[PDB]
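Written out below as structure tokens is the structure these notes cover.
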Amino acid sequence: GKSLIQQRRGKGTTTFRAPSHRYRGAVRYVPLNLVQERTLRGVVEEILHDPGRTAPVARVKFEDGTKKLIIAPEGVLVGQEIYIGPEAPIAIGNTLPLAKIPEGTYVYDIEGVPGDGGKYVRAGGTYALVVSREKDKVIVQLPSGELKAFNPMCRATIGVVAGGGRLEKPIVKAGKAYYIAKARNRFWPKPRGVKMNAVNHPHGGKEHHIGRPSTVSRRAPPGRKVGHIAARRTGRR
Amino acid sequence: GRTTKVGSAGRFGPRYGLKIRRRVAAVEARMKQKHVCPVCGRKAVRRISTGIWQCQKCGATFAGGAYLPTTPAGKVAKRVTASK
Amino acid sequence: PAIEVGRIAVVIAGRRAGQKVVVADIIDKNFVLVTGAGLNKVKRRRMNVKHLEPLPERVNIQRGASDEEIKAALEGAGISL
Amino acid sequence: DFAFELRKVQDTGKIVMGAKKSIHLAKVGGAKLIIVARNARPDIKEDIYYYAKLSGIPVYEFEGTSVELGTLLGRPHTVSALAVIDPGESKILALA
Amino acid sequence: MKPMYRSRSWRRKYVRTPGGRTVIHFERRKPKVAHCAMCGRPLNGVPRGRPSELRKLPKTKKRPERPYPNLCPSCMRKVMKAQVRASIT
RNA sequence: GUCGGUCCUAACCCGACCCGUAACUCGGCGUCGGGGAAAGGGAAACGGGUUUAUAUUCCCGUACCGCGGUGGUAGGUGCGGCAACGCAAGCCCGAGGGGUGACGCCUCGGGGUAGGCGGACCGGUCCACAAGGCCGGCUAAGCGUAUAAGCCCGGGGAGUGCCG
RNA sequence: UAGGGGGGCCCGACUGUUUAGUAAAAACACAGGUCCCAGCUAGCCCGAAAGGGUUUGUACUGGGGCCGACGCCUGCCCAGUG
Ligand SMILES: [Zn+2]
Ligand SMILES: [Zn+2]
Numbered sequence: 002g003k004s005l006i007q008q009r010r011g012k013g014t015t016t017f018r019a020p021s022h023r024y025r026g027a028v029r030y031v032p033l034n035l036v037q038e039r040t041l042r043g044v045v046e047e048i049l050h051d052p053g054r055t056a057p058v059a060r061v062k063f064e065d066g067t068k069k070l071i072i073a074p075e076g077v078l079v080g081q082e083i084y085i086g087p088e089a090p091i092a093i094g095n096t097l098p099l100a101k102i103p104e105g106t107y108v109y110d111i112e113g114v115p116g117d118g119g120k121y122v123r124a125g126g127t128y129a130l131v132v133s134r135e136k137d138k139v140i141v142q143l144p145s146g147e148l149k150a151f152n153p154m155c156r157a158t159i160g161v162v163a164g165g166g167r168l169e170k171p172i173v174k175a176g177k178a179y180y181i182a183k184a185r186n187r188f189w190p191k192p193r194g195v196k197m198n199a200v201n202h203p204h205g206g207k208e209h210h211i212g213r214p215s216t217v218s219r220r221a222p223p224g225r226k227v228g229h230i231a232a233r234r235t236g237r238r
Numbered sequence: 002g003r004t005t006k007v008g009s010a011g012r013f014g015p016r017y018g019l020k021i022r023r024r025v026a027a028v029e030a031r032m033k034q035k036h037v038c039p040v041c042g043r044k045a046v047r048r049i050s051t052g053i054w055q056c057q058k059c060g061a062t063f064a065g066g067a068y069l070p071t072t073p074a075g076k077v078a079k080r081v082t083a084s085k
Numbered sequence: 002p003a004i005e006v007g008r009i010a011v012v013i014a015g016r017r018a019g020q021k022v023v024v025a026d027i028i029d030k031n032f033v034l035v036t037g038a039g040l041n042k043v044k045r046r047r048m049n050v051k052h053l054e055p056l057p058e059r060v061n062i063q064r065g066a067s068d069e070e071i072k073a074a075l076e077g078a079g080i081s082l
Numbered sequence: 003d004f005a006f007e008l009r010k011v012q013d014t015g016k017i018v019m020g021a022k023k024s025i026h027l028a029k030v031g032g033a034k035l036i037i038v039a040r041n042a043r044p045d046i047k048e049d050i051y052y053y054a055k056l057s058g059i060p061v062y063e064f065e066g067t068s069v070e071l072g073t074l075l076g077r078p079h080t081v082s083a084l085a086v087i088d089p090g091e092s093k094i095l096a097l098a
Numbered sequence: 001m002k003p004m005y006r007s008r009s010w011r012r013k014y015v016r017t018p019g020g021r022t023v024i025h026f027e028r029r030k031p032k033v034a035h036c037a038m039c040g041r042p043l044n045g046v047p048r049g050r051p052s053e054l055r056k057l058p059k060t061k062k063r064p065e066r067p068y069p070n071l072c073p074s075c076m077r078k079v080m081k082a083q084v085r086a087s088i089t
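Chains as they are written, first to last, in the UniProt record's numbering: chain A, 2 to 238; chain D, 2 to 85; chain X, 2 to 82; chain R, 3 to 98; chain V, 1 to 89.
Written as structure tokens, this is what we have:
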């Protein structure tokens, strides 16, 4: 038989790669063999649009003369002064360890293990809620529902991610979607296996129907996992 | 304007349907109406890019929503972190 | 006042920017007479009250004063321009 | 600033509004009181405070804004700073 | 037109010759004028021209004589005021 | 010497080391080093003539860049303007900052130029006279010179508003 | 140089794409509707391995399927296979 788009993506061709040369750099915090307790102070100088982030970025100049990119919170001004460390104040744009952060605070850009650089709640519009503070773990509510546990030395940022309310206005045409998907080269347009041929898909035929249940096992081999994968249920409710 | 029901969406013509055209027009109306600055209190804030707003009168540039400079969650966060 | 005879001052606009200086007289609601007294390359001339940042050092002089006299006091004030 | 005493001064005595003239007076002399808004331009606030301390003049900070000052006065524009030379029948100088 | 001269970075112009030929001449484009660091506003006194046009000029005809000539005067006076207000201690 | 290659980097590629492979002329991450555009970036020349066949390349005439020198001055040890700014306004080495290089699609106005039209006149030709039509009436780079728009400086001291 | 026009029905909403060389369509795409997996050393994929693609990314996201603008609606069965 023939292959799937699933299967050709895994090789890394220009038809599937990300055009990262078009983007602004990566967004990490600072390495913490440098941030023992010193509570760096910095100044925002620019706010900019990144084609790979679904969120604005902000350029910061520190007292070291070093320049970094952060993810911009909602309501940060060009000219402000943000602090990064354990004893910094509690405001919008300031990065602290979760232990020092009360219960009820909104939070973004959380590290998984202390030192990573920021793994959670970095998409535009998103936030997390602090629930509890033990001596061995902090519980946090993520934008999906999960109540995850983090070690209390992990770092987060206070406030909300800008860019919110992005999916309210419709995409009206197909050329606009062309441009949105050409920015980051997503596969667009999309075909349907039901209207493909039998070499090219587990569905596929002269009749444009599926002749087997769309539910597939988590132990089905590659080339066959198409549809609903390990579906607990289906339907409307 | 000159038309009754359509606004910014009178450019699409008879195309794309009711819900589409209404949502588009409402959103763009609220975005193109001028907004109050948080630094000078004057109504001159305009959008610059997606997520970025600027006052034409004082030069304050700040980050916000995609189609409005504030969000409900942002308001809540402001209030909560002011309380604590 | 922040501007008066005997007031020390720094020039902040023009080719003489950031030089210490003395205010030796007064002409108008906008213009004063400024001098360096032989201790820099600033002559007796006219200047605008915007182009001068005052300082909290003062000298004791008479209204309308010659450089030899303006200078001779400074050495008592101990201030070096 | 009490709207009461401010209006009393405005109509009874004489005021001179504006940041430029306020700084000029704070620098040279000729003013008895200087009022400034909390949201005024920091360059202006710095200059005013410095010059008025060096002249020995009193400054009052008004916790509203330029727009609220303008509307307290009968003015459709901003008033970021204000200088009061001489009051007539007003206790405005009791506010420093 | 040669392929390199048909590239829109050459600002063509048609010119008449003493012996009546009506030639085409080609020139490179000038840069834009310099801008302040703190405000993004044009600088006065600093002229526009390519390094050729500029190296045939003396120093004092390339910038004003006041200090901080990379800055507009409103910002220059600001930095000077700050310096003097901090030199008190 | 002045046109272009030769220089810079882009998307991308190779070599060495490294890890894998029974092995390799095969496969690959990271570090290091190097390449990659005769339409992207980018020191500097224009007219006339000459040959059977080349010419911004040869000849005439008038010029410009980059390295190195000789000799004098500016300056080191100088000024004018309230200011914006105006100036010949010191040398060698190293570092750092700032600007320019350096940027999309659509639309409008203003100032200019190539090119064309008309009328007069001076020469030539067409036209049975006359009236009339056609042809010619040229001025390069370079050097020296200034105002628009935009932005700024100083004075001035405004709201049933005034300026555009 | 320079449009023939009007009244009814079927299919597809539209602009777009298609069998280079007998099929330009009522077929494909599209906007929008809904469903499934995944809290990241994830989910899905290449490969003999090392290592890699999505990833200079983090649920307003990535991936995998069906219907196919807008308008009114979308009824009963979990015994069978999954
Ligand atoms: Zn503002
Ligand atoms: Zn500036």
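Here a beta-carbon is modelled for each residue, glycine too, at the ideal position from N, C-alpha and C.
- In the DSSP assignment, the residues bridged to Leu-78 (chain A) are D:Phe-63.
- Chain-order list of chain R residues neighbouring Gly-42 (chain D): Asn-41, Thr-67, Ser-68 and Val-69, by C-beta distance under 8 Å.
- Inclusion of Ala-56 (chain A) and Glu-47 (chain A) in the CB contact set at 8 Å is not warranted, their separation being larger than that value.
- The three-state reading of DSSP puts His-209 (chain A) in coil, since its state is none of H, G, I, E or B.
- Chain-order list of chain X residues neighbouring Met-80 (chain V): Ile-13, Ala-18 and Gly-19, by C-beta distance under 7 Å.
- Contact between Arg-16 (chain V) and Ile-13 (chain X) does not hold, since their C-beta atoms are separated by about 55 Å, which reaches or exceeds 8 Å.
- The Cβ atoms of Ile-17 (chain R) and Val-86 (chain R) lie closer than 8 Å to each other.
- In this structure, DSSP gives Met-32 (chain D) a helical state, which the three-state scheme calls helix.
- Bounds of the beta strand (DSSP E) holding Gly-43 (chain A) are 41-49.
- A residue is called buried when at least 16 other Cβ atoms come within 10 angstroms of its Cβ; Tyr-121 (chain A) meets this threshold and is buried.
- Collapsing the DSSP output to three states places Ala-100 (chain A) in a helix.
- With a beta-carbon spacing of about 5 Å, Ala-150 (chain A) and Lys-138 (chain A) fall inside the 8 Å limit used to define contacts.
- Around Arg-40 (chain R), the same chain offers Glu-63, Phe-64, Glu-65, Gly-66 and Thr-67 as residues with beta carbons nearer than 8 Å, after the five sequence neighbours per side are excluded.
- The straight-line gap separating the alpha-carbon atoms of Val-11 (chain X) and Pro-67 (chain V) is approximately 14 Å.
- Scanning its chain for C-beta atoms nearer than 7 Å, with the 5 sequence neighbours on each side dropped, one finds around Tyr-5 (chain V) the residues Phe-26, in chain order.
- Inter-segment contact for the segment 54-67 of chain D and the segment 68-75 of chain A is present: three or more beta-carbon pairs are separated by less than 8 Å.
- With 5 Å as the limit, the residues whose C-beta approaches any heavy atom of ligand 2 more closely are V:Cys-36, V:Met-38, V:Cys-39, V:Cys-72 and V:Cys-75, in sequence along the chain.
- Counting of Cβ neighbours within 10 angstroms places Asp-49 (chain R) among the buried residues, the total reaching 16 or more.
- DSSP places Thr-36 (chain X) within a strand segment (E or B) once states are collapsed to three.
- In the DSSP assignment, the residues bridged to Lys-44 (chain D) are D:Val-37.
- Residues lining ligand 1 by the Cβ criterion, that is a Cβ closer than 5 Å to any of its heavy atoms, are D:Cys-38, D:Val-40, D:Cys-41, D:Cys-56, D:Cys-59 and D:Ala-61 in chain order.
- One alpha carbon belongs to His-202 (chain A), the other to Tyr-180 (chain A), and they sit about 28 Å apart.
- Of the other Cβ atoms in all chains shown, 16 or more fall within 10 Å of the Cβ of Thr-72 (chain D); this residue is therefore buried.
- By the rule that beta-carbons nearer than 8 Å mark a contact, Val-33 (chain V) does not touch chain X.
- For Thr-60 (chain V), the three-state secondary structure derived from DSSP is helix.
- At a cut-off of 8 Å between C-beta atoms, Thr-72 (chain D) counts as an interface residue with respect to chain A.
- The way I'd put it, the segment 42-54 of chain D doesn't touch the segment 62-76 of chain X; fewer than three beta-carbon pairs between them come closer than 8 Å.
- For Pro-57 (chain A), the chain D residues whose Cβ falls inside 7 Å of its Cβ are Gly-52, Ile-53 and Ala-64, in order along the chain.
- Around the beta carbon of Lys-44 (chain X), a 10 Å sphere encloses fewer than 16 other beta carbons of the protein chains shown; the residue is thus reported as exposed.
- Looking at the backbone, the Cα of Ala-86 (chain V) and that of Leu-56 (chain X) are separated by about 11 Å.
- Contact of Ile-85 (chain A) with chain D is not assigned, every C-beta pair being separated by 8 Å or more.
- A direct Cα-to-Cα measurement between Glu-54 (chain X) and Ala-5 (chain R) gives close to 34 Å.
- For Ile-6 (chain A), the closest C-alpha among the options A:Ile-230, A:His-229, A:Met-197 and A:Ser-218 is that of A:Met-197.
- Between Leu-84 (chain R) and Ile-37 (chain R), the CB-CB gap stays under 8 Å.
- Contact check for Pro-60 (chain R) and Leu-35 (chain R): beta-carbon distance about 6 Å, within the 8 Å limit, so the pair qualifies.
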